[PDB]
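S.K.: Structure: final-v9.cif, mmCIF, C-alpha atoms and all ligand atoms.
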data_model
loop_
_atom_site.label_atom_id
_atom_site.label_comp_id
_atom_site.auth_asym_id
_atom_site.auth_seq_id
_atom_site.Cartn_x
_atom_site.Cartn_y
_atom_site.Cartn_z
CA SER A 1 17.40 10.71 20.01
CA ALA A 2 15.58 13.23 17.80
CA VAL A 3 17.73 15.21 15.35
CA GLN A 4 16.36 17.30 12.48
CA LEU A 5 18.80 18.29 9.73
CA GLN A 6 18.36 21.18 7.29
CA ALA A 7 20.49 21.58 4.15
CA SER A 8 21.13 24.88 2.36
CA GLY A 9 22.97 25.66 -0.86
CA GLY A 10 23.34 23.96 -4.21
CA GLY A 11 22.26 24.79 -7.74
CA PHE A 12 23.83 25.05 -11.18
CA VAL A 13 27.42 26.27 -11.59
CA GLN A 14 30.31 26.02 -14.05
CA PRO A 15 33.49 23.92 -13.84
CA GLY A 16 36.22 25.52 -11.77
CA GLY A 17 33.81 27.65 -9.75
CA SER A 18 33.22 28.05 -6.02
CA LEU A 19 30.20 27.35 -3.84
CA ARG A 20 29.06 27.15 -0.23
CA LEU A 21 26.83 24.48 1.33
CA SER A 22 25.55 24.31 4.88
CA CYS A 23 23.73 22.02 7.29
CA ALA A 24 21.96 22.91 10.54
CA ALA A 25 21.04 20.47 13.30
CA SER A 26 18.16 20.91 15.74
CA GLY A 27 16.67 18.84 18.53
CA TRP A 28 18.37 16.56 21.05
CA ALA A 29 20.80 13.67 20.77
CA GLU A 30 22.95 11.30 22.82
CA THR A 31 26.14 13.39 22.63
CA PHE A 32 28.04 15.85 20.43
CA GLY A 33 27.77 13.68 17.35
CA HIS A 34 29.86 14.60 14.35
CA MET A 35 28.52 16.03 11.10
CA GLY A 36 29.27 15.03 7.54
CA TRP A 37 28.27 15.25 3.91
CA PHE A 38 27.70 12.40 1.44
CA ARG A 39 27.16 12.49 -2.33
CA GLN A 40 24.96 10.15 -4.37
CA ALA A 41 24.84 10.04 -8.17
CA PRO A 42 21.87 8.95 -10.32
CA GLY A 43 22.17 5.19 -10.77
CA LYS A 44 25.06 4.83 -8.29
CA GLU A 45 25.52 4.48 -4.54
CA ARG A 46 26.18 7.08 -1.86
CA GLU A 47 29.80 8.18 -1.47
CA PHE A 48 31.54 9.54 1.62
CA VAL A 49 32.57 13.16 0.99
CA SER A 50 33.42 14.98 4.20
CA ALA A 51 33.30 14.61 7.98
CA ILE A 52 33.96 17.07 10.81
CA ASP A 53 33.50 16.93 14.57
CA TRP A 54 31.43 19.15 16.87
CA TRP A 55 34.43 21.26 17.96
CA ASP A 56 36.55 21.51 14.76
CA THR A 57 39.30 19.14 15.89
CA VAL A 58 39.15 16.21 13.44
CA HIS A 59 38.90 16.69 9.67
CA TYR A 60 38.22 13.70 7.44
CA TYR A 61 38.03 13.87 3.64
CA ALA A 62 37.77 11.05 1.12
CA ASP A 63 40.91 10.08 -0.78
CA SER A 64 39.43 11.08 -4.15
CA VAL A 65 38.62 14.52 -2.69
CA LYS A 66 41.63 14.98 -0.41
CA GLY A 67 42.78 18.58 -0.18
CA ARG A 68 39.95 19.92 -2.36
CA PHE A 69 36.69 19.94 -0.37
CA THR A 70 36.70 21.92 2.86
CA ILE A 71 34.45 21.66 5.93
CA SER A 72 34.18 24.09 8.84
CA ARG A 73 32.05 24.59 11.94
CA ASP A 74 30.68 27.97 12.97
CA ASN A 75 31.16 29.45 16.43
CA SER A 76 27.81 31.02 17.31
CA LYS A 77 24.96 29.62 15.18
CA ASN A 78 25.55 25.82 15.24
CA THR A 79 25.49 25.58 11.42
CA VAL A 80 28.20 23.50 9.74
CA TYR A 81 29.53 24.77 6.41
CA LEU A 82 31.07 22.98 3.41
CA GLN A 83 33.19 25.18 1.17
CA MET A 84 33.56 23.89 -2.39
CA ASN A 85 36.05 25.10 -4.99
CA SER A 86 37.20 24.23 -8.52
CA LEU A 87 34.29 21.99 -9.43
CA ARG A 88 34.31 19.45 -12.26
CA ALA A 89 31.68 17.41 -14.09
CA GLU A 90 31.87 14.45 -11.69
CA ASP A 91 30.54 16.71 -8.90
CA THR A 92 27.05 16.92 -10.47
CA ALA A 93 24.97 14.82 -8.07
CA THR A 94 22.79 15.04 -4.95
CA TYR A 95 24.51 15.81 -1.65
CA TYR A 96 23.06 14.69 1.68
CA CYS A 97 23.73 15.89 5.22
CA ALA A 98 24.58 12.88 7.39
CA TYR A 99 24.64 12.75 11.19
CA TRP A 100 26.23 10.09 13.40
CA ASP A 101 25.64 10.12 17.16
CA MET A 102 28.87 9.22 18.92
CA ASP A 103 31.97 10.95 20.27
CA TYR A 104 34.65 9.25 18.13
CA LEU A 105 34.12 8.32 14.46
CA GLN A 106 36.13 5.16 13.86
CA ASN A 107 34.31 4.77 10.53
CA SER A 108 31.49 6.49 8.67
CA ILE A 109 29.38 3.29 8.67
CA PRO A 110 27.03 4.00 11.66
CA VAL A 111 24.39 6.45 10.42
CA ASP A 112 21.29 7.40 12.41
CA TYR A 113 19.82 10.29 10.40
CA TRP A 114 20.04 11.79 6.91
CA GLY A 115 19.37 15.16 5.31
CA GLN A 116 17.40 16.70 2.48
CA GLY A 117 18.92 16.13 -0.94
CA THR A 118 20.70 19.19 -2.33
CA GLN A 119 21.22 19.07 -6.09
CA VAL A 120 24.60 20.40 -7.24
CA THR A 121 25.13 20.50 -11.00
CA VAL A 122 28.41 21.47 -12.68
CA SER A 123 28.28 22.04 -16.43
CA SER A 124 29.40 24.47 -19.12
CA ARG B 102 -16.42 -12.26 -12.83
CA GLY B 103 -14.50 -10.90 -9.86
CA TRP B 104 -14.21 -8.61 -6.84
CA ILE B 105 -11.29 -6.19 -6.61
CA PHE B 106 -11.31 -5.58 -2.86
CA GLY B 107 -8.70 -3.43 -1.18
CA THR B 108 -7.90 -0.21 0.69
CA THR B 109 -8.28 3.43 -0.38
CA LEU B 110 -8.01 1.77 -3.83
CA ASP B 111 -4.72 3.49 -4.61
CA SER B 112 -1.09 2.38 -4.48
CA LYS B 113 -1.21 1.64 -0.73
CA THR B 114 -0.62 -2.08 -0.15
CA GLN B 115 -3.97 -3.79 -0.82
CA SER B 116 -5.46 -4.58 -4.22
CA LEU B 117 -6.81 -8.15 -3.82
CA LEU B 118 -7.78 -9.52 -7.25
CA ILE B 119 -10.19 -12.46 -7.18
CA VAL B 120 -10.72 -12.50 -10.93
CA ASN B 121 -12.19 -15.70 -12.35
CA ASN B 122 -12.06 -16.74 -16.00
CA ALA B 123 -13.05 -19.76 -18.06
CA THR B 124 -9.64 -21.33 -17.36
CA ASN B 125 -9.21 -21.06 -13.58
CA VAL B 126 -9.26 -18.66 -10.62
CA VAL B 127 -6.41 -16.18 -10.31
CA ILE B 128 -6.60 -15.18 -6.63
CA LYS B 129 -3.78 -12.68 -6.19
CA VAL B 130 -2.86 -10.22 -3.43
CA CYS B 131 -0.36 -8.01 -5.37
CA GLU B 132 -0.64 -4.20 -4.96
CA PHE B 133 -1.19 -2.11 -8.13
CA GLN B 134 -3.23 0.60 -9.81
CA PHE B 135 -6.40 -0.40 -11.64
CA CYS B 136 -7.25 2.49 -14.00
CA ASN B 137 -10.74 3.92 -13.38
CA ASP B 138 -13.36 1.35 -14.61
CA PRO B 139 -12.01 -2.25 -14.74
CA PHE B 140 -13.99 -4.09 -17.41
CA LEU B 141 -13.25 -7.38 -19.17
CA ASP B 142 -14.02 -8.40 -22.74
CA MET B 153 -14.43 -14.83 -27.43
CA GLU B 154 -14.09 -12.87 -24.17
CA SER B 155 -10.60 -13.60 -22.82
CA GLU B 156 -9.15 -10.09 -22.45
CA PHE B 157 -8.94 -8.61 -18.95
CA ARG B 158 -7.76 -5.01 -18.51
CA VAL B 159 -7.73 -4.19 -14.79
CA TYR B 160 -4.29 -3.31 -13.46
CA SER B 161 -1.53 -1.23 -15.03
CA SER B 162 1.58 -1.88 -12.92
CA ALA B 163 1.79 -4.59 -10.24
CA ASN B 164 4.39 -3.45 -7.68
CA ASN B 165 5.35 -6.17 -5.16
CA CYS B 166 3.39 -9.45 -4.78
CA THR B 167 2.71 -11.74 -1.79
CA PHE B 168 0.22 -14.43 -2.85
CA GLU B 169 -0.91 -16.75 -5.62
CA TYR B 170 -3.62 -19.36 -6.07
CA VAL B 171 -5.07 -21.42 -8.92
CA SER B 172 -7.97 -23.90 -8.88
CA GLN B 173 -11.17 -24.79 -10.70
CA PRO B 174 -13.55 -21.88 -11.43
CA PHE B 175 -16.84 -21.29 -9.60
CA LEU B 176 -19.15 -22.44 -12.42
CA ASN B 185 -36.83 -16.75 -16.78
CA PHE B 186 -33.50 -17.35 -15.04
CA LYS B 187 -31.57 -20.52 -14.24
CA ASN B 188 -28.74 -19.36 -11.97
CA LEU B 189 -28.30 -17.74 -8.57
CA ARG B 190 -24.99 -17.44 -6.72
CA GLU B 191 -24.25 -16.38 -3.16
CA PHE B 192 -21.12 -15.35 -1.31
CA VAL B 193 -20.37 -14.15 2.22
CA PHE B 194 -17.00 -12.40 2.20
CA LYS B 195 -15.58 -12.23 5.72
CA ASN B 196 -12.16 -11.26 7.18
CA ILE B 197 -11.11 -12.22 10.75
CA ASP B 198 -7.57 -11.68 12.08
CA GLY B 199 -6.19 -11.44 8.55
CA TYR B 200 -7.77 -14.68 7.39
CA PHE B 201 -10.26 -14.21 4.54
CA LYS B 202 -13.27 -16.58 4.36
CA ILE B 203 -15.37 -17.08 1.23
CA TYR C 449 21.58 -1.55 7.63
CA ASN C 450 19.38 -3.84 5.51
CA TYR C 451 17.03 -4.40 8.48
CA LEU C 452 14.36 -1.75 9.01
CA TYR C 453 11.53 -1.18 11.47
CA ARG C 454 8.57 1.18 11.30
CA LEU C 455 8.48 3.89 13.98
CA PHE C 456 5.45 6.09 13.27
CA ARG C 457 1.88 5.10 12.44
CA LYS C 458 -1.47 6.81 12.89
CA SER C 459 -3.23 3.78 14.39
CA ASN C 460 -2.27 0.46 15.93
CA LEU C 461 -2.43 -2.77 13.95
CA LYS C 462 -4.96 -5.54 14.23
CA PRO C 463 -3.50 -8.93 15.19
CA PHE C 464 -1.39 -10.53 12.44
CA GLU C 465 -1.19 -7.42 10.28
CA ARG C 466 1.42 -6.19 7.80
CA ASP C 467 2.15 -2.61 6.74
CA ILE C 468 4.53 -1.70 3.91
CA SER C 469 3.34 1.81 3.08
CA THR C 470 6.25 4.26 2.86
CA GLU C 471 4.37 7.57 2.78
CA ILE C 472 5.86 10.48 4.70
CA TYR C 473 4.48 10.61 8.23
CA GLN C 474 2.44 13.67 9.19
CA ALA C 475 2.93 14.94 12.74
CA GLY C 476 1.41 18.42 12.37
CA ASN C 477 -1.49 20.18 10.68
CA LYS C 478 0.49 21.19 7.59
CA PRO C 479 0.78 18.54 4.86
CA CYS C 480 4.21 17.12 4.08
CA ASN C 481 3.60 16.65 0.33
CA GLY C 482 6.06 13.76 0.27
CA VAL C 483 8.91 15.94 1.59
CA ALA C 484 10.74 15.44 4.87
CA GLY C 485 10.96 18.29 7.35
CA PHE C 486 9.40 19.61 10.52
CA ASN C 487 6.54 17.30 11.56
CA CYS C 488 7.56 15.28 8.46
CA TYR C 489 9.66 12.22 9.29
CA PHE C 490 10.19 8.98 7.43
CA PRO C 491 7.92 6.43 9.16
CA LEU C 492 10.54 3.66 9.28
CA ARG C 493 13.95 3.97 10.92
CA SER C 494 16.98 1.70 10.56
CA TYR C 495 18.60 -0.93 12.81
CA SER C 496 22.18 -0.45 14.04
CA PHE C 497 23.93 -3.83 14.57
CA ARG C 498 27.54 -3.87 15.79
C1 LIG D 1 7.23 -3.49 -3.10
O1 LIG D 1 7.81 -3.18 -1.84
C2 LIG D 1 9.15 -2.68 -1.91
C3 LIG D 1 9.60 -2.42 -0.49
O2 LIG D 1 9.13 -3.44 0.39
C4 LIG D 1 9.12 -1.43 -2.77
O3 LIG D 1 10.39 -0.78 -2.71
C5 LIG D 1 8.83 -1.84 -4.20
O4 LIG D 1 8.78 -0.69 -5.04
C6 LIG D 1 7.51 -2.60 -4.32
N1 LIG D 1 7.52 -3.45 -5.49
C7 LIG D 1 7.92 -3.08 -6.71
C8 LIG D 1 8.84 -4.03 -7.41
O5 LIG D 1 7.54 -2.03 -7.23
#
Take the structure I supplied and represent it as structure tokens, if you would.

M.R.:
Amino acid sequence: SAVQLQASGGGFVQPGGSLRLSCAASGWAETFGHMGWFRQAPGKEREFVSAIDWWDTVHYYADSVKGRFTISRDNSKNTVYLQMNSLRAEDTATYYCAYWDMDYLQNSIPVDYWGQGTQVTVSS
Amino acid sequence: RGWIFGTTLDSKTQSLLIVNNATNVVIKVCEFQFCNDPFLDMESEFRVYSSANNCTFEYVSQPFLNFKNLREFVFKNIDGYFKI
Amino acid sequence: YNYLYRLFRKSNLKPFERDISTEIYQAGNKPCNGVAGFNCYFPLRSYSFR
């Protein structure tokens, strides 16, 4: 399997604002592996943020971010999008675009590839 | 005193230090940076490395001690093993 | 995922050799400058055990 992931978006915003992130996948893989986003803070570990499938059928968001983050899949350009709204200070960290190559995601544990770190800072 | 062997003489993974002093021999494989002119200066002050990263060997033993001295060495390396 | 294995290297190893360099692999003419991307992959992969 050879998957290349590209991450777009990020930057400096204010609390309560809105933003759009995106990841694009290229190459070949075993199957229609799902796509997700993780978030790592300086001095802490990576945290599961969002997960979506390859056909927009299963949505999975972390409990601490339930009903707030949104993830969608495009229809004609293969690029997954992550819509972000009403940011707070705890959202200032580096997001990563994670790929897992299997049909059904029982858990987010099996990771085969990562993505370029996108810095998202939320401050006054 | 010594012979700082190694590879591309940068971070890499190889900065063999074979420094010898009046106390003992301090054979040491650790990888580090070594400024730009390692010189040593009672002369018991050695200033070679700046930050040893990881380490993978140690050794201590007795030192190697007109003109009234002449020393020879044949440094060789076969299949990893180093012969002095 | 604490077990890792190197995937890309410019040249083969001599017998009983150890490599721990983590520099970004170069697969094309353009330098990677320590950044992943096209022709710029991390030399070591991970091991999936289930
Ligand atoms: C030595 O190697 C490890 C990985 O094997 C590296 O992460 C580390 O930075 C190196 N040693 C130190 C403590 O700098």

S.K.: Restricting the calculation to all atoms listed in the file, which member of A:67, A:43, A:16, A:27 is positioned closest to chain C?

M.R.: A:27

S.K.: Tell me which residues come within 9 Å of (-8.6, -8.9, -5.1), as a PyMOL selection string, counting all atoms listed in the file in the file's coordinates.

M.R.: chain B and resi 103-107+115-120+128-131

S.K.: Which residues are near ligand LIG 1 (chain D) in this structure, taking near to mean any atom at most 10 Å from a ligand atom and counting all atoms listed in the file? Format them as a PyMOL selection string.

M.R.: (chain B and resi 112+114+131-133+162-167) or (chain C and resi 467-470)

S.K.: Can you list, as a list in words, every protein, DNA or RNA residue that comes within 12 Å of residue 477 (chain C) when you count all atoms listed in the file, leaving out same-chain residues fewer than 6 positions away?

M.R.: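 So, after excluding close chain neighbours, the residues are residues 486, 487 and 488 of chain C.
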
S.K.: Between A:31, A:116, A:106, A:8, which has the minimum distance to chain C (counting all atoms listed in the file)?

M.R.: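 Answer, going by the shortest atom-to-atom distance: A:116.
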
S.K.: So how far away is CA of residue 155 (chain B) from CA of residue 171 (chain B), in Å?

M.R.: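 Pair CA of residue 171 (chain B) / CA of residue 155 (chain B) returns 16.9 Å.
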
S.K.: In Å to one decimal, how far is CA of residue 113 (chain A) from CA of residue 451 (chain C)?

M.R.: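 One can read the CA of residue 451 (chain C) to CA of residue 113 (chain A) distance as 15.1 Å.
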
S.K.: So which residues touch region 68-75 of chain A within 10 Å, counting only C-alpha atoms, skipping near sequence neighbours fewer than 6 positions away, as a PyMOL selection string?

M.R.: chain A and resi 20-23+35-37+49-57+59-62+81-87

S.K.: Please, which residues of chain B lie no more than 7 Å from chain C when the count uses all atoms listed in the file, and can they be set out as a PyMOL selection string?

M.R.: chain B and resi 113-114+198-199

S.K.: Residues of chain C within 10 Å of chain A, using all atoms listed in the file, as a list in words?

M.R.: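 Close enough to count are residues 449, 483, 484, 485, 486, 487, 488, 489, 493, 494, 495, 496, 497 and 498 of chain C.
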
S.K.: Missing atoms in region 452-484 of chain C should be modelled up to N, CA and C atoms and reported as a tab-separated table (two decimals), keeping the file's coordinate frame.

M.R.:
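Output file rebuild_30.tsv follows:
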chain	number	residue	atom	x	y	z
C	452	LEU	N	15.08	-2.98	8.72
C	452	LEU	CA	14.36	-1.75	9.01
C	452	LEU	C	13.14	-2.05	9.86
C	453	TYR	N	12.71	-1.06	10.64
C	453	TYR	CA	11.53	-1.18	11.47
C	453	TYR	C	10.75	0.13	11.45
C	454	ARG	N	9.43	0.01	11.33
C	454	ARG	CA	8.57	1.18	11.30
C	454	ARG	C	8.48	1.81	12.69
C	455	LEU	N	8.52	3.14	12.73
C	455	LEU	CA	8.48	3.89	13.98
C	455	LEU	C	7.19	4.66	14.20
C	456	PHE	N	6.61	5.23	13.15
C	456	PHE	CA	5.45	6.09	13.27
C	456	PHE	C	4.28	5.51	12.49
C	457	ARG	N	3.10	5.50	13.11
C	457	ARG	CA	1.88	5.10	12.44
C	457	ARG	C	0.70	5.76	13.13
C	458	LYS	N	-0.32	6.11	12.34
C	458	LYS	CA	-1.47	6.81	12.89
C	458	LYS	C	-2.24	5.94	13.88
C	459	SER	N	-2.43	4.66	13.56
C	459	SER	CA	-3.23	3.78	14.39
C	459	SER	C	-2.51	2.45	14.56
C	460	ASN	N	-2.84	1.77	15.66
C	460	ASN	CA	-2.27	0.46	15.93
C	460	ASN	C	-2.79	-0.57	14.93
C	461	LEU	N	-2.09	-1.70	14.87
C	461	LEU	CA	-2.43	-2.77	13.95
C	461	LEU	C	-3.35	-3.79	14.61
C	462	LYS	N	-4.22	-4.37	13.80
C	462	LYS	CA	-4.96	-5.54	14.23
C	462	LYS	C	-4.01	-6.73	14.33
C	463	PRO	N	-4.39	-7.77	15.07
C	463	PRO	CA	-3.50	-8.93	15.19
C	463	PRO	C	-3.16	-9.51	13.82
C	464	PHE	N	-1.89	-9.92	13.67
C	464	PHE	CA	-1.39	-10.53	12.44
C	464	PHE	C	-1.62	-9.61	11.24
C	465	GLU	N	-1.02	-8.42	11.31
C	465	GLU	CA	-1.19	-7.42	10.28
C	465	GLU	C	0.17	-6.99	9.74
C	466	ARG	N	0.19	-6.57	8.48
C	466	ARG	CA	1.42	-6.19	7.80
C	466	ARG	C	1.23	-4.84	7.12
C	467	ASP	N	2.18	-3.94	7.33
C	467	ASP	CA	2.15	-2.61	6.74
C	467	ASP	C	3.46	-2.35	6.01
C	468	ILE	N	3.37	-2.00	4.73
C	468	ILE	CA	4.53	-1.70	3.91
C	468	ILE	C	4.44	-0.33	3.26
C	469	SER	N	3.46	0.47	3.63
C	469	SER	CA	3.34	1.81	3.08
C	469	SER	C	4.51	2.68	3.53
C	470	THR	N	5.07	3.44	2.60
C	470	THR	CA	6.25	4.26	2.86
C	470	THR	C	5.97	5.75	2.74
C	471	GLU	N	4.71	6.16	2.88
C	471	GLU	CA	4.37	7.57	2.78
C	471	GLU	C	4.97	8.36	3.94
C	472	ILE	N	5.25	9.63	3.69
C	472	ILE	CA	5.86	10.48	4.70
C	472	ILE	C	4.88	10.69	5.85
C	473	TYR	N	5.34	10.45	7.07
C	473	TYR	CA	4.48	10.61	8.23
C	473	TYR	C	4.15	12.08	8.45
C	474	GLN	N	2.90	12.33	8.85
C	474	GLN	CA	2.44	13.67	9.19
C	474	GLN	C	2.29	13.76	10.70
C	475	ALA	N	3.01	14.71	11.30
C	475	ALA	CA	2.93	14.94	12.74
C	475	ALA	C	2.29	16.27	13.09
C	476	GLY	N	2.05	17.14	12.12
C	476	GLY	CA	1.41	18.42	12.37
C	476	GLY	C	0.21	18.65	11.48
C	477	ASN	N	-0.33	19.87	11.51
C	477	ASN	CA	-1.49	20.18	10.68
C	477	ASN	C	-1.11	20.39	9.22
C	478	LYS	N	0.07	20.93	8.96
C	478	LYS	CA	0.49	21.19	7.59
C	478	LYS	C	0.82	19.89	6.88
C	479	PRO	N	0.41	19.73	5.62
C	479	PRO	CA	0.78	18.54	4.86
C	479	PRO	C	2.27	18.51	4.56
C	480	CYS	N	2.80	17.30	4.40
C	480	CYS	CA	4.21	17.12	4.08
C	480	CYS	C	4.48	17.08	2.59
C	481	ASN	N	3.48	16.69	1.79
C	481	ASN	CA	3.60	16.65	0.33
C	481	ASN	C	4.77	15.78	-0.11
C	482	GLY	N	4.99	14.68	0.61
C	482	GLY	CA	6.06	13.76	0.27
C	482	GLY	C	7.46	14.29	0.49
C	483	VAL	N	7.61	15.33	1.32
C	483	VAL	CA	8.91	15.94	1.59
C	483	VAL	C	9.16	15.90	3.08
C	484	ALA	N	10.36	15.47	3.47
C	484	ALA	CA	10.74	15.44	4.87
C	484	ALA	C	10.94	16.86	5.40
